[PDB]
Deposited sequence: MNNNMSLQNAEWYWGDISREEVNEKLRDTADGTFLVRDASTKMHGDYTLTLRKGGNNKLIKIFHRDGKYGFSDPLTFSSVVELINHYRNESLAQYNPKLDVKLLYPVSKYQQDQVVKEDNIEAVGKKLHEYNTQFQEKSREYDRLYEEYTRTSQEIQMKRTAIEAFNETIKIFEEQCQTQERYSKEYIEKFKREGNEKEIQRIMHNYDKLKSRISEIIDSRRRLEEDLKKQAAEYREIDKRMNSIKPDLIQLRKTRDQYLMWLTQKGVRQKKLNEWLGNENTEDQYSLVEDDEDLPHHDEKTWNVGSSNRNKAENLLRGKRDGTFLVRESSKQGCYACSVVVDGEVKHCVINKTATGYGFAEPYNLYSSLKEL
């Protein structure tokens, strides 16, 4: 008893394991852990959005943070600063040890695969398999989309170039259509107008080719926002298993 089974004594756990337990947690959240070189113990206190590692020094059967080691049981030390402010150890730490982590949350597990089990561990795999599926389809679509966007830009430049070609052949035809009607020379005017009607028709073809791409793009854009919508539905449920599942 005493230290070994206090709510806030986790001992076993590592540096990473604490950081997950103190994520976005209010100021005053704490746990005690075994030191990585076994004083023997480490306090991890939340202040200002950070996780403060404070050593507990064990010299001659007495505990504390610095050389006037007043306390003598660790539980005596930690409980002191549950009621008293930490400001009497370094003024900048005006906070109190307000919130334990508690190694009682929701079954003695982790001691003895599917054997030591099983229901919504398997549900995770399914939601995690689907999250994979969607995120893949999601990034493919995203890049698909980008390709179309640069294709639309390519069409715009293409059309612009073909538009210029009419503005080119009306500059050159206009002063030849009126030069050939001097010679009473038609049918030659017919060949000149044949090219005009190929070029004009070609512009409609390209313009339509783009428009077709445009209504495919906004359709994909709609499809993309949908993938995202479905993904943001699975994120805050995939984590709510991890919470129920592991601990």
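Coordinate coverage of the deposited sequence is interrupted at 1 to 4, 43 to 44, 113, 120 to 121, 127 to 128, 259 to 373, where no C-alpha atom was modelled.
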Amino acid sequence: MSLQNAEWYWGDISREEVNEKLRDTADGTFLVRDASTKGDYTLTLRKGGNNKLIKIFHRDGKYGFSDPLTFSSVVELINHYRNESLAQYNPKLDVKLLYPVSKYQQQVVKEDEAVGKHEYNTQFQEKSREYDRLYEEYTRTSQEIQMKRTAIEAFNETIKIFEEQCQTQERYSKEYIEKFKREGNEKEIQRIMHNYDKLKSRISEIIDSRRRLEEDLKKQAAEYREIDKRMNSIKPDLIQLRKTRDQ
From here on, numbers count along this sequence of modelled residues.
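The mean C-alpha temperature factor is higher for 175 to 183 when 208 to 216 and 175 to 183 are set side by side. Here 148 to 156 and 92 to 100 are compared by their mean Cα B-factor, and 92 to 100 comes out higher. Per-chain ranking of the deposited C-alpha B factor places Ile227 in the lowest third. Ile161: CA B factor lies in the lowest third for its chain, per the PDB record.
For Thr122, the recorded CA B-factor ranks within the highest third of the chain. Only modelled residues enter the ranking.
When all modelled residues of the chain are sorted by CA temperature factor, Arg140 is found within the lowest third.
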